[PDB]
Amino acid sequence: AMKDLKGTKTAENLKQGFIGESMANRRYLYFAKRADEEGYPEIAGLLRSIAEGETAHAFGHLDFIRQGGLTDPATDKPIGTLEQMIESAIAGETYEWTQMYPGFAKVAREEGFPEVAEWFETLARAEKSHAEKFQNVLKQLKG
């Protein structure tokens, strides 16, 4: 491992860097599909390659987070070992299906956006499925 990063500004900067790099990869792949449709294959290919750069950046942020004794940016749980990684996935998916997406759906219906609410409700069910599958992984790793 490396030097303990707990309590530093650098620890928070690695977290914020990870968030930005994660968004960037998703955004650029989404933009590339628009270039695909419109017939700009060289632009689309460049966007996809830049997206690979943002993957490398996000993974590198996680390397320093992990080696510096810090927790998962998304869940505040340790991600040193594979079992811990799966436990972090479980915690995040559980938050999403028990709290986040059901709340998003309720608000969307209150604000008069039932189609968006249906989407959030679909996702709530999907994250519960994800959580159950990750829990099956953990039981098998621990057995």
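A residue's number is simply how far along the shown sequence it sits, counting from 1.
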Practice task
Using the B-factors recorded in the PDB entry, average over the C-alpha atoms of 72-80 and of 51-59, then report which stretch comes out higher.
Solution key: 72-80
Exercise for the section: Between 18-26 and 127-135, name whichever shows the higher mean Cα B factor according to the PDB entry. Expected result: 127-135
Fill in the blank from the handout: Based on the PDB entry, the highest CA temperature factor among the options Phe113, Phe64, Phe31, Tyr40 is that of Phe113
Problem - Third of the chain, ranked by Cα B-factor, where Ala44 sits - result: lowest
Fill in the blank from the handout: The third of the chain into which the C-alpha temperature factor of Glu87 falls is the middle
Problem - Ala35, C-alpha B-factor rank within chain (lowest, middle or highest third) - result: lowest
